[PDB]
Amino acid sequence: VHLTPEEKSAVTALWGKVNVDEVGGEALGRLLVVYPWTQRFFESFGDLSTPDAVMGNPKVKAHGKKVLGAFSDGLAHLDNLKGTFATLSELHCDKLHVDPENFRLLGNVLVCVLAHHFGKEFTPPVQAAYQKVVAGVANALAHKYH
Amino acid sequence: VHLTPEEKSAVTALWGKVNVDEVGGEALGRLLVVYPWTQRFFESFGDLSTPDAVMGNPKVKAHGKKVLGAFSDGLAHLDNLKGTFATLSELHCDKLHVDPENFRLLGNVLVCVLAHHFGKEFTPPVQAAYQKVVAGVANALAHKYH
Amino acid sequence: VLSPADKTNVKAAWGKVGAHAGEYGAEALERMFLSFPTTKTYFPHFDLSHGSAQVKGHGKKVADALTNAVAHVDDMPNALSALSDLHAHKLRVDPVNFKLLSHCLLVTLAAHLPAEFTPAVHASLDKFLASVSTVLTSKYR
Amino acid sequence: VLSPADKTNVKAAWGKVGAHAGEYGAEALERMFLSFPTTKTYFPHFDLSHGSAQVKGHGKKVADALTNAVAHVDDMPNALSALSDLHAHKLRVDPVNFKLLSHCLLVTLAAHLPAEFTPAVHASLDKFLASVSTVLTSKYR
Ligand code: HEM
Ligand code: HEM
Ligand code: HEM
Ligand code: HEM
Ligand SMILES: O=N[O-]
Ligand SMILES: O=N[O-]
Ligand SMILES: O=N[O-]
Ligand SMILES: O=N[O-]
């Protein structure tokens, strides 16, 4: 996806302030709570019975860490998301069969977490730039279906 | 998109029997009747007040002809849909701003028209092959959004 | 909101389908599994091959649910409440998958109703299946 | 189907938003137009630039509709019937666009409710906006 330099500026400046041990788990937990069908792919994680159970589940935090690592990865390679996400696409599409609509959903949940954490700093143009990013990631992760 | 030779066989054998002066207008008319928000982009076509008005509207038939021409085009170039659809993508995305969900919808309506016209001949595997095709077209037409 | 015209159209198509509804449900399921292979993961314990007794029996159950819906069209949330619970809470069916099955049900009807599947009736059937889908995703949880 | 917990959560978030609801509606519209530029074609006669009086006034109308919905949460189809008609019949609003505005409304709340926007409340708000969206797309036609 092509971000303008202003869009790139908005995205990278914010991301440098993200707590990379926490934000991934927050986005994953919210994905499981808000869109509870997604709990289908995470039965082994244990107690997912309440929001509190999900958000405090250590497996959710640990796995979210890996997910954010992959977003961090795409951010370093915006002009080659397809290459960056090839093996994850193989995994999410060929092996797991996750519907790619859920990739868009996780991206939007991430956006919500970023807004919650950054407040007024997550301005309408900053969001716009992030929307281009998470759409780019979702599309690359979905490449094995295309 | 990669069709197997069996999938290619299913698709091309059927398409050679399609009435290319009619099927495009049938798919477009049904798109306008079933998903009536799409009539937003076709105000100049005149009377769209009833199903009968839509299906007998000469502008609908004439424009559907051009649409099917483009599907015919993608069918000749399955391994390069992106190149085939570049200028249409520019048009549908940059100039018209059609949400790309409607590309998927038109593809599914086409599938319904094919089933209606071919009956038992439009078998479950034949459909599967066509689904890969219309998804490939929708994705290429949506490239300007990616 | 299904119109009086929609209700008559769906009733007409139901009538024409008649005693084939079970067989057609089975066909729609096969079309779905082949066209949209992600859907298969919901039936890990089914054999999904052509002519499978499990797909046949399930086709009948689905067709029967849709006919219960037609027969109680003005009270669908209530008629389908047990099924809504099942599909959201136990099965965790992703909402996108309702559009995929709905499309495959339409395709099956189109393949078997040359006279009945007009643009108007196609519309009404789409609205009907969208209404059923809305009920069956109303529960998440 | 909105739960008792959902209804209390949405009420709590409404309360905290308070008299900022109009301003927040305006912000959500700006977020939508910048993030999802296809949506702009519905407002060809608006000036969509930052600080536009038309976007401000519209933000208030949207916020007011949502609060009417909250206040009549158990009778939303009826409360929003005139708006459902408008959005489907006259405006021909594509159903996808309701998800885009809903997402932008959530983002705006998240940006302004550090304490209120918990995972549970985020869930409830999502369900609320999805319910509103379902009502407002119930009409096509
Ligand atoms: C927003 C896009 C997504 C990204 C960037 C992402 C990223 C990742 C990463 C980095 C892993 C670790 C792979 C490894 O261990 O080598 C993973 C695994 C996994 N993902 Fe995702 N994911 C996304 C969306 C989703 C969604 C929406 C679901 C289900 C609703 C899902 C289901 C899974 C599951 C079940 C695993 C465990 C795979 C295994 O260990 O066998 N993913 N993902
Ligand atoms: C299924 C994918 C689609 C294909 C293959 C397709 C194909 C075409 C073609 C071949 C043209 C003629 C362009 C020309 O005259 O050079 C066209 C024009 C047009 N399309 Fe589509 N189309 C698709 C989807 C859609 C949808 C879903 C909508 C709206 C709901 C739409 C709206 C339009 C409009 C308004 C024009 C007239 C453009 C103009 O003359 O300015 N298209 N399309
Ligand atoms: C038009 C929409 C649908 C209808 C009318 C429908 C109807 C039904 C019925 C009648 C049953 C059996 C009820 C019982 O015996 O308790 C069932 C079960 C089930 N459904 Fe659906 N359903 C629909 C959509 C879906 C979708 C989209 C999926 C997933 C792709 C799905 C997956 C399942 C599964 C996995 C079962 C359990 C099957 C078993 O273990 O035997 N359903 N459905
Ligand atoms: C949460 C969902 C929504 C709510 C609560 C809402 C509410 C409203 C209200 C209260 C009005 C003015 C009613 C009147 O004065 O008669 C309106 C009008 C309008 N809406 Fe929405 N709406 C929603 C979704 C959408 C979406 C998704 C779009 C398109 C992207 C849209 C496009 C429009 C347009 C173009 C008008 C006419 C504006 C004008 O000409 O001044 N609405 N809406
Ligand atoms: O977000 N699960 O990889
Ligand atoms: O299908 N309209 O190009
Ligand atoms: O096949 N749907 O249960
Ligand atoms: O801004 N929705 O009317």
Side-chain angles (χ1 to χ4, degrees), chain B residues 3-4 6-7 10-11 14 23 25-39 48-57 60-61 64 101 104-135 138, chain C residues 1 3 5-6 9-10 13 16 20 23-40 48-52 55-56 59 95-96 98-130:
Chain B
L3 265 60
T4 67
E6 253 150 42
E7 280 161 1
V11 159
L14 198 80
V23 160
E26 184 82 7
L28 179 63
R30 283 172 190 267
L31 179 83
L32 298 165
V33 172
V34 179
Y35 308 113
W37 56 92
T38 56
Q39 300 177 17
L48 303 171
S49 54
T50 63
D52 281 349
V54 176
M55 304 311 290
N57 190 301
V60 171
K61 179 183 179 196
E101 182 63 9
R104 186 188 76 85
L105 292 188
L106 183 52
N108 287 347
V109 173
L110 182 52
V111 167
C112 286
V113 167
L114 290 177
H116 189 216
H117 292 334
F118 293 104
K120 128 186 303 303
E121 178 167 2
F122 199 69
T123 63
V126 177
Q127 174 187 178
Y130 271 95
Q131 298 291 167
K132 282 181 184 189
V133 174
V134 297
Chain C
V1 150
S3 75
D6 291 322
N9 290 343
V10 168
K16 295 302 166 77
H20 296 293
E23 166 201 345
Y24 292 1
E27 182 183 333
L29 291 174
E30 190 173 44
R31 293 181 177 279
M32 187 183 70
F33 295 138
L34 294 181
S35 286
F36 302 111
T38 56
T39 61
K40 296 194 299 195
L48 299 173
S49 65
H50 185 77
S52 165
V55 179
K56 282 179 186 162
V96 173
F98 292 87
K99 291 171 169 189
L100 306 180
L101 181 54
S102 294
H103 168 65
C104 295
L105 288 160
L106 289 189
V107 164
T108 300
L109 290 180
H112 290 279
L113 308 177
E116 287 69 37
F117 202 77
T118 63
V121 171
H122 173 179
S124 304
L125 286 165
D126 186 72
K127 288 174 175 68
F128 170 69
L129 295 170

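Protein chains get the first letters and strands the later ones, always in sequence-line order, with residue 1 at the start of each.
The shortest non-hydrogen separation linking C/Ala120 to B/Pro51 is CB-CG, 4.1 Å. Taking both residues in full, the closest heavy atoms of B/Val34 and C/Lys127 are given as O-NZ, 4.2 Å, listed atom of the first, atom of the second, then distance. Of all heavy-atom pairs spanning B/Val33 and C/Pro119, the tightest one is CG1-O, 3.8 Å. When all heavy atoms are compared, the tightest approach of B/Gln127 to C/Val107 is NE2-CG1, 3.5 Å.
If you measure heavy-atom distances from B/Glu26 to chain C, the contacts under 4.5 Å come from the side chain alone. At a 4.5 Å heavy-atom cutoff, the contact between C/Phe36 and chain B is made by side-chain atoms alone. The part of B/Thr123 that comes within reach of chain C is its backbone (N, CA, C, O), which places non-hydrogen atoms under 4.5 angstrom from that chain. Of the two parts of B/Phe118, neither the backbone nor the side chain holds a non-hydrogen atom closer than 4.5 Å to a non-hydrogen atom of chain C. Only the side chain of B/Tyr35 has a heavy atom closer than 4.5 Å to any heavy atom of chain C.
Interface check for chain B: of the options C/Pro37, C/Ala123, C/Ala110, C/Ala28, the most heavy-atom pairs under 4.5 Å are formed by C/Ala110. Note: C/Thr118 leads C/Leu125, C/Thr108, C/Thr118 in heavy-atom pairs under 4.5 Å with chain B.
The closest side-chain donor-acceptor pair between C/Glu116 and B/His116, if any, does not fall under 3.5 angstrom.
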Worksheet entry | side chain to side chain contact (heavy atoms under 4.5 Å, CB included) assessment of C/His103 paired with B/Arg104 | CA-CA 11 Å; C/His103 168 65; B/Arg104 186 188 76 85; 5.8 Å; no
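B/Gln131 places none of its side-chain heavy atoms less than 4.5 Å from the side chain of C/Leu34.
To the nearest 0.5 Å, atoms NE2 (C/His112) and CZ (B/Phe122) are separated by 12.5 Å. Summarising the geometry, atom OG belonging to C/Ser102 is positioned 11.0 Å from atom CG belonging to B/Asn108; distances are rounded to the nearest 0.5 Å.
Screening C/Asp126, C/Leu106, C/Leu109 against B/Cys112 for a side-chain contact (heavy atoms from CB on, under 4.5 Å) leaves a single residue, C/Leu106.
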